[PDB]
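# Analysis of the macromolecular model
This is what each chain is made of:
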Amino acid sequence: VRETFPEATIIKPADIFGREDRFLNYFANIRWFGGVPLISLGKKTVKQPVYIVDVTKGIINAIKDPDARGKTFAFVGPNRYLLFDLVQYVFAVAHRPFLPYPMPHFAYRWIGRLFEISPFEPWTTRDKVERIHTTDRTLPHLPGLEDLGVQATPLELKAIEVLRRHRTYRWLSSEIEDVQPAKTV
Amino acid sequence: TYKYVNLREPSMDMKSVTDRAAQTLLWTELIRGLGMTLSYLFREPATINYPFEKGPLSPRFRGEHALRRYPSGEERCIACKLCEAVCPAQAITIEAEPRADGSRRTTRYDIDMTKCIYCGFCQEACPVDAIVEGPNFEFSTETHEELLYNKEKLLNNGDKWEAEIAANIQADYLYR
Amino acid sequence: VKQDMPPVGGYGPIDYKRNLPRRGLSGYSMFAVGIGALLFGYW
Amino acid sequence: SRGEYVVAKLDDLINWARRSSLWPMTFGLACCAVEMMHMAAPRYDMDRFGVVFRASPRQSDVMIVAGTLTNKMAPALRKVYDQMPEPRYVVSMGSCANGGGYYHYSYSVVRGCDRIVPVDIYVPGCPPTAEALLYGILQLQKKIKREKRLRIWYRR
Amino acid sequence: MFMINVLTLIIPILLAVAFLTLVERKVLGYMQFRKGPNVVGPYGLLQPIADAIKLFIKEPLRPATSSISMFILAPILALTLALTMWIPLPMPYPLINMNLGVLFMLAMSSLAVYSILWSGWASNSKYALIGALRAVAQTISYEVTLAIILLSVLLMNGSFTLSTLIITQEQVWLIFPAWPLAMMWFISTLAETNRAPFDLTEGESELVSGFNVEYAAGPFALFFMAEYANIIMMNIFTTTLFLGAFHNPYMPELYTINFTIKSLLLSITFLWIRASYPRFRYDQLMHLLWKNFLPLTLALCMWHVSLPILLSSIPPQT
Amino acid sequence: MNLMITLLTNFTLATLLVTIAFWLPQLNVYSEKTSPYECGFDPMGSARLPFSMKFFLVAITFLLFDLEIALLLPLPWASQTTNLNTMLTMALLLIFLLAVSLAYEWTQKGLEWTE
Ligand SMILES: CCCCCCCCCCCCCCCCCC(=O)OC[C@H](COP(=O)([O-])OCC[N+](C)(C)C)OC(=O)CCCCCCCCCCCCCCCCC
Ligand SMILES: CCCCCCCCCCCCCCCCCC(=O)OC[C@H](COP(=O)(O)OCCN)OC(=O)CCCCCCCCCCCCCCCCC
Ligand SMILES: CCCCCCCCCCCCCCCCCC(=O)OC[C@H](COP(=O)(O)OCCN)OC(=O)CCCCCCCCCCCCCCCCC
Ligand code: SF4
Ligand code: SF4
Ligand code: SF4
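Calculation rules
- Residues numbered from 1 in each chain as written, not as in the entry; some residues may be left out.
- Chains lettered and ligands numbered in written order.
- Part of a larger assembly, values for the part shown.
- Heavy atoms only, no water.
- UniProt positions renumbered as here; feature names shortened; annotations may be inferred.
- Helix = DSSP H or I, 4+ residues; strand = E, 2+ residues; numbered from the N terminus.
- Rg over C-alpha atoms; globule rule 2.2 N^0.38 Å.
- Expected span 1.5 Å × (residues − 1).
- Buried < 20%, exposed > 50% of the residue type's maximum accessible area, 1.4 Å probe, protein only.
- Contact = heavy atoms within 4.5 Å.
- Buried area = accessible area lost by both parts, 1.4 Å probe.
- Salt bridge = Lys/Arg side-chain N within 4 Å of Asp/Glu carboxyl O.
- Polar contact = N/O pair within 3.5 Å; in protein donor to acceptor, adjacent residues only side chain to side chain.
- Nonpolar A, V, L, I, M, F, W, Y, C, P; charged D, E, K, R; others polar.
- Near = heavy atom within 4 Å.
- Pairing = 2+ DSSP bridges.
- Axes fitted to C-alpha atoms, helices over the stretch in contact; angles between N-to-C directions.

The name that the PDB entry assigns to chain F is NADH-ubiquinone oxidoreductase chain 3, with the source organism given as Ovis aries. Per the PDB header, the title for this entry is "Complex I from Ovis aries at pH5.5, Closed state". As its UniProt record puts it under Function, chain F is described as follows: "Core subunit of the mitochondrial membrane respiratory chain NADH dehydrogenase (Complex I) which catalyzes electron transfer from NADH through the respiratory chain, using ubiquinone as an electron acceptor. Essential for the catalytic activity of complex I." A UniProt comment under Subunit is attached to chain F, and it reads "Core subunit of respiratory chain NADH dehydrogenase (Complex I) which is composed of 45 different subunits. Interacts with TMEM186. Interacts with TMEM242 (By similarity)."

The PDB entry lists chain D under the name Complex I-20kD, with Ovis aries given as the organism. UniProt annotates chain D under Subunit (unreviewed entry) with the comment "Core subunit of respiratory chain NADH dehydrogenase (Complex I) which is composed of 45 different subunits. This is a component of the iron-sulfur (IP) fragment of the enzyme."

In terms of helices and strands, chain D carries six helices and three strands. Secondary structure of chain D in N-to-C order comes out as α-α-β-α-β-α-β-α-α. A compact globule built from 156 residues would reach a C-alpha radius of gyration of about 15 Å, and chain D, at 17 Å, matches this within 12%. Across its three principal axes, chain D shows a C-alpha extent of roughly 60 × 35 × 25 Å.

Residue and element names in this part refer to chain A. For helix α3 (residues 83–94), which comprises 12 residues, the first-to-last C-alpha distance of 17 Å matches the rise-based estimate of 16 Å (1.5 Å per residue) to within 8%. For α3, the buried fraction is high: nine of the 12 residues fall into the buried class. Among all positions in α3, only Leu83, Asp85, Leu86, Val87, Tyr89, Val90, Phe91, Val93 and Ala94 are buried. Packing partners of the buried residues in α3 comprise α1 (24–29), β3 (37–39), β4 (46–47), β7 (81–82), α5 (126–132) and α6 (159–163).

Facing the 73 residues of chain E at the interface are 63 residues of chain F. In total, chain E and chain F occlude about 6,500 Å² of area from one another, counting both sides; carbon and sulfur atoms represent 78% of this. The interface formed by chain E and chain F includes two salt bridges. With its nearest N and O atoms 3.7 Å apart, the salt bridge here joins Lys291 of chain E to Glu112 of chain F. Counting across the chain E and chain F interface gives seven residue pairs in polar contact. At the level of secondary structure, the elements contributing two or more residues to the side of chain E that touches chain F comprise α1 (2–30), α3 (68–83), α4 (102–122), α5 (126–154), α8 (219–242) and α10 (286–311) of chain E. Examining the composition of the side of chain E that touches chain F, we find that 14 residues originate from one element, α5 of chain E, more than from any other. For the side of chain E that touches chain F, the residue count by class is 53 nonpolar, 12 polar and eight charged.

Turning to unusual backbone geometry, a few remarks are in order. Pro87 of chain D follows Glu86 of chain D through a cis peptide bond whose omega is -5°. Mapped onto the elements of the fold, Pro87 of chain D is located in the loop between α3 (74–82) and β2 (89–93). Of the consecutive residues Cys126 of chain D and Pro127 of chain D, the connecting peptide bond is found in the cis state with omega at -10°. Checked against the element boundaries, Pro127 of chain D lands in the loop between β3 (121–123) and α5 (130–145). Of note in this structure, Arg22 of chain C is not a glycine but carries a positive phi near 55°. With respect to the helices and strands, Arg22 of chain C occurs in the segment before α1 (27–42). The exposure class assigned to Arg22 of chain C is exposed, which follows from its relative accessible area of 70%.

Moving on, we get to the interface of chain A and chain F. In this assembly, four residues from chain A lie in contact with six residues from chain F. In total, about 440 Å² of surface goes out of reach between chain A and chain F, with carbon and sulfur atoms giving 54% of it. A per-residue breakdown of the area chain A buries against chain F is headed by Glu20, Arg165 and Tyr169 of chain A, which together make up 68% of the total. Linking chain A with chain F are zero salt bridges, by the criterion used here. The interface formed by chain A and chain F contains two residue pairs in polar contact. Of the residues belonging to the side of chain A that touches chain F, the class tally is two nonpolar, no polar and two charged.

So, about the environment of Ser26 of chain C. Residue and element names in this part refer to chain C. Structurally, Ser26 can be placed in the segment before α1. The exposure class of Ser26 is partly exposed, given its relative accessible area of 26%. When the C-alpha atoms of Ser26 and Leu38 are compared, they prove to be 19 Å apart, with 12 residues separating the residues in sequence.

All names here are of chain D. Around ligand 6, the structure places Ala30, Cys31, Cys32, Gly67, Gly94, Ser95, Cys96, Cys126 and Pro127. Listed by contribution, the elements that provide at least two residues to the shell around ligand 6 are α2 (31–39) and α4 (94–99). Looking at the shell around ligand 6, the element that brings in the most residues is α4, giving three residues. Residue classes in the shell around ligand 6 are distributed as six nonpolar, three polar and no charged.

With that out of the way, let us pick up the pairing of strand β1 (residues 62–66) of chain D. All names here are of chain D. Burial analysis of β1 places five of its five residues in the buried class, the great majority of the element. A two-sided burial pattern is seen for β1, the buried positions comprising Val62, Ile64 and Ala66 on one face and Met63 and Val65 on the other. Here β1 runs beside β2; their pairing, made up of five bridges, is parallel. Note that in β2 the partner of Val62 across the bridge is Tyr89.

This part takes up the sheet that holds β1 of chain D. Residue and element names in this part refer to chain D. Pairing within the open sheet is parallel, and its three strands lie in the order β1-β2-β3. At either end of the open sheet lies a strand with only one pairing partner, and these are β1 and β3. On average, each strand axis in the sheet is tilted by 20° relative to the strand beside it, whichever way the strands run.

So this is what it looks like as structure tokens:
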């Protein structure tokens, strides 16, 4: 695209979380199949998810801004979390029992092979497995959401909005603040 | 000048008391209601077989709007804007200018069919019988913007339904 | 002139009062029928 | 080959079974509700076409917006539409639900119900006649017949 | 070859349930000056098929505030209770000959209420709880009078076996010596099956849809065929009790066709009752079976205890 | 043995239709579809509040009358006895005691609902 459109604006989001996402919903739906397996307990990968509304505002501002022509932005969230405590915060928001267990890398690929033979939309696949356990790289040389006038909103103000539908009747009316927030790096 | 509905005291006679006891025990009026419904089962149902049959209508019917022409090709509207001033819902927008031969005609004549209350004031305020409310009523659309008629759509409706609107006006015009 | 009018003698009669048939037998007939059926069934 | 034939037959089957079993919910607001229940009268009798009322939103298929949608009514209409299970269809009746009608410039009237719910068929009139509403229902049935959902799934 | 017998019992009853929905919609059309479904097929013979296919491709919609275990368990219990209801019914040979079949119907009638109660309770709704408590009140209204009517009728039969009810009225119909018991039995089964004028549970006017106001398609269809199987077998139960037919052991098809015609006429009368009367209150029904039916039933039970002693007409228990 | 086969056949017929009604169609589940239905508006309080019942006395006497008719069901077999007069007297006396209890509740306004 860059070589065929020299004036194209390329936007590179990290990971989107929202009401109809497949990032927090995937973690909140994995609880059906057991106890949320991870690779090396999920404490070797770092994620910085970004809210969907902020990505939309950045896209709109990049449409309006004349200086965004030819740029290559990197839309990332305001905080970096390890995968283990990110899944822990997701399950603590959903008020679900959290019992993680390790899984080897070769064992997880065979699990992703089994789920991706479905003729409908697969629940998970090996590509989703490798992208879930991939550390989000840092690119300081690229402009971000702050250069387009969009203030990044953290996951703590929208995670309940995303994951309230995954709670049972007992914990449906719990408030904002009665969940210990995640630990950053 | 008035009547006493439901002031009928009962009769204390023992024969009628026994008759009322028999009605209570054996449910006379309940079987009466059953018999009325059973007799209503064996009638011709009033269902007309739509779309192969249509309900009755009158020549004064108010349906879809149309723009008529004189019997020479010239359109009847003269941009007098009486319809847009008498319209209770402000559904008519008219813009006018003299055309190439100096005749007072319109350049824009829009009727918003989603604002129109179908009261037929425009068809009776027109001094030349240009705008009419034809007999068409099966014109439901799948989109909101398909119900926003401009001058071309109204003229097409007039050319489509002239063979009927002319006869309906011929049948009705002596009452107006 | 031509107009909608009633006829010279007016229209015909139109009913407006309650007309319920008040059918059925007497209560004694119903009780006798029931007792007869009961005794026949018993025998 | 054979898979396209099979999914076309399955699409035809489910389209017939969905279009011949439309259950609208008992929902009216105004004059147009009286005209809708006049369509449900023995003269026209929409029960012939498999169209029978079901009061609960959970057991209904098509929502008929008949009447004026005011500002106090819009959250209730939106909530009732959300509680209706997929697939769901919306039919707009009268000028009030189409574009506000007589009360377009009113301070407390939503200018058309399409600002709240996705509308499939717009039935014009004030009130649209019972034949017009039956025509709109038959148009919705013919629209349902032209759905190629399993064909789209097989092609994607 | 018992599984073939079970399948050939359980499939035609639900086919007849679907066609009873068809016939009920047609009769409920034709009494009210209009027609039934006659557009989908030839005289509307394909309407139950379209309804059944439609209800199984719609969204399941389990609520978030509802306890999911009882929410799924209740329609399964309703359909299974309606399906095992039919087992000891002699047409003229029952699937399972039982010494005490009448008490089995009574116990399963007690059990089938719990599907309504738990479907009302599990779905976290106020209207559902209202419908559940109305079902509770309806059951405590009707059950005593139902059991004592059936007790005072079976005293002339000699045993609780349903096949003996064919032999015990091979001379004359049992509707003759127990015509008042027949009328109160018919009213009691009208109240049992939650049909008009004693609906009071799936009220579309006092409530919106009753205990299944949150149940979307599929699970709701289970309650629909459970209720229609209930009304068909309850008319069949009444036909066996009071309208026994001529039975030839060499040609059972005569009894089958006679019994089928009588039960169909009873279901036609059932839909006839449906489209004639306003619905009762749910406390006026309680004042009906207790203040009007129960004293007369106690008197009739005295009469039907003393009468076989009176006329030396004690039926055999073998 | 045949009754358990019949019950199991009915149960796996019932649970087959539910299991194919939950996995077959396409689902679009949001945090608005599964809200409780309160005629279009938000409910004012929980559905687990105490729903007070007015017919408590009728329920208690339903228990007592259910047990009275439970005692009364051996009558078709008890009519096959030799001591026929004593059986007839005890049956009549039990039913008369049932009617006496019902009449005492009727005269004391026990069947009338509270409030
Ligand atoms: C299956 C075979 C056919 C079954 C028959 C029924 C089919 C037709 C059904 C018709 C429609 C019914 C729709 C539902 C109606 C519900 C309401 C209802 O019925 O309420 C019951 C009504 C209630 O009446 P009510 O509601 O008016 O009560 C008034 C109450 N107060 C006064 C307090 C306000 O009737 C009864 O309770 C009577 C029950 C039957 C009595 C039978 C008596 C038989 C004869 C005895 C002897 C008489 C002679 C005298 C003594 C001689 C002694 C030797
Ligand atoms: C590998 C090989 C097999 C491949 C898979 C496919 C197998 C077959 C699938 C079922 C049948 C598919 C075809 C469905 C009909 C297609 C033609 C059609 O749409 O005809 C339309 C016509 C009605 O026309 P209409 O537009 O409604 O007219 C208005 C009235 N003037 O319609 C009619 O006149 C009537 C249409 C009737 C449709 C068939 C009957 C109902 C379905 C029966 C089978 C499924 C259900 C089985 C039982 C389930 C449990 C109850
Ligand atoms: C979590 C919720 C619940 C989930 C599970 C639900 C399971 C199904 C529930 C519905 C069925 C309940 C059945 C309860 C017992 C019924 C007994 C019965 O039907 O008896 C009838 C019959 C009587 O026989 P008789 O008249 O003496 O004649 C034989 C002489 N030749 O008897 C016979 O003919 C005898 C036949 C063999 C009997 C074997 C013993 C009974 C087996 C019971 C199995 C377990 C039932 C569990 C029910 C749970 C209900 C909540
Ligand atoms: S019928 Fe009435 S509301 Fe409609 S355009 Fe004419 S004047 Fe306006
Ligand atoms: S009233 Fe008639 S002539 Fe006048 S502007 Fe309207 S359509 Fe034209
Ligand atoms: S469109 Fe007309 S008939 Fe319908 S509700 Fe509005 S004012 Fe009444």
